[PDB]
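First the structure, in the form of structure tokens, and then the observations on it.
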Amino acid sequence: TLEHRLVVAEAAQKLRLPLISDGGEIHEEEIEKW
Amino acid sequence: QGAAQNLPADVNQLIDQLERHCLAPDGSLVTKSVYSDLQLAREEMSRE
Amino acid sequence: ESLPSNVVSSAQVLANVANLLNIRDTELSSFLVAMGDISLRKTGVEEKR
Amino acid sequence: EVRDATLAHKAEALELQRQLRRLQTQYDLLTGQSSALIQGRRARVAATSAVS
Amino acid sequence: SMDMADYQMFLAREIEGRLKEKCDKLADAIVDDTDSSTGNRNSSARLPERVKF
Amino acid sequence: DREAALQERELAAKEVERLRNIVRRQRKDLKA
Amino acid sequence: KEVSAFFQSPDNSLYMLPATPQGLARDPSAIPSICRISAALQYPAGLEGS
């Protein structure tokens, strides 16, 4: 369940921490989520 | 004959010494940017 | 209760700050450059000399 | 005279001495250094044939 | 919320084991370099001498 | 001391022959 | 509806497999990754890793 809470719940507190370097490297999976 | 022996070393030394001062220009940093980037990998390892 | 458990478990492993430099990719670079070539960098020219 | 030549010959010996042990260790350590990561292939490939 | 208390047996072998038994094991793969012969030092041969080497 | 230096000179020189070919055979094949 | 499944089937599930876990190279324009270290894919691929 915590794997899919990375959609918004876990996505809004620690998944976006490496986004300061992941311009499109993780932008690929958030656009799956957004 | 002796001067011919030194020629491959002589042609080397013409720019070899200056290439330390040529390191900062682009003549070396196109590859050697890592030195100007201070271990261009990630500045060694801190967090990446 | 598990925050101090799992976090330090990786963190205690990640205390190896220095060794990563050749681990860089997947420890394969270490297998490629930490001993594969650096120990061979000398021995490559340690016969031509 | 040869005592001065020994320096030219000990350097002809000592400088080339600490490299055979390097290669001999390399021939006994580098044969498996690269293989020390291939064993992880199975763990990384099992589910590759699953999500697809 | 239920995953809070249920993790008493998550940190037994699964999230405490697999996280730990593979973090170091991969991180201890490096010592298979020149440090491979000294198998006892591999725990203490990572931080201080790999940068030295 | 020349005679003492002479006997140690050849051993210090005989190593070159045994430290070229084996190096020419190993570090070449430590790349495969 | 129909075209999405025609596009979802070959493009959706397979996308993540290289995306996060080094497979995409994480902006392969990041040259030192797949040229110095992650070039290990390119090292034996004679047809690919010149």
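By convention here, the chains of the structure tokens are called A, B, ... in the order presented, each chain's residues are numbered starting at 1, and ligands are numbered starting at 1 in the order presented.
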
Polymer residues at most 7 Å from stretch 19-27 of chain G, only C-alpha atoms, same-chain spacing of 4 or more positions, as a ChimeraX atom specification
/A:25 /G:15,34

Output for the residues just chosen: N, CA, C and O atoms as a PDB file, in the first residue's frame:
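File written: selection-v6.pdb
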ATOM      1  N   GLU A  25      14.289  13.129 -15.129  1.00  0.00           N
ATOM      2  CA  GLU A  25      14.582  11.767 -14.701  1.00  0.00           C
ATOM      3  C   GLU A  25      13.470  11.199 -13.830  1.00  0.00           C
ATOM      4  O   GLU A  25      13.164  10.004 -13.911  1.00  0.00           O
TER       5      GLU A  25
ATOM      6  N   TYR G  15       7.751   1.306 -19.812  1.00  0.00           N
ATOM      7  CA  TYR G  15       8.451   2.584 -19.719  1.00  0.00           C
ATOM      8  C   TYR G  15       9.278   2.694 -18.443  1.00  0.00           C
ATOM      9  O   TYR G  15      10.389   3.238 -18.467  1.00  0.00           O
ATOM     10  N   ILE G  34      27.194   7.457 -18.833  1.00  0.00           N
ATOM     11  CA  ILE G  34      27.238   6.346 -19.778  1.00  0.00           C
ATOM     12  C   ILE G  34      28.452   6.462 -20.690  1.00  0.00           C
ATOM     13  O   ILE G  34      28.498   5.844 -21.760  1.00  0.00           O
TER      14      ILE G  34
END

Near chain C, meaning an atom within 10 Å, which residues of chain G appear when counting only C-alpha atoms? Write them as a list in words.
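Close enough to count are residues 22, 33, 34, 36, 37, 38, 39 and 40 of chain G.
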
Chain A residues near chain G (10 Å cut-off, only C-alpha atoms) as a count of residues only
8

I'd like to know which of A:19, A:2, A:7, A:12 is closest to residue A:34, using only C-alpha atoms.
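Closest candidate: A:7.
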
Residues of chain B were defined as contacting chain G if any atom lay at most 12 Å from it, counting only C-alpha atoms; please report them as a PyMOL selection string.
chain B and resi 31+33-34+39-42

Please identify the alpha helix (DSSP H) residues within chain E (assignment by DSSP from backbone atoms) and present them as a list in words.
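Residues meeting the alpha helix (DSSP H) criterion: residues 2, 3, 4, 5, 17, 18, 19, 20, 21, 22, 23, 24, 25, 26, 27, 47, 48, 49 and 50 of chain E.
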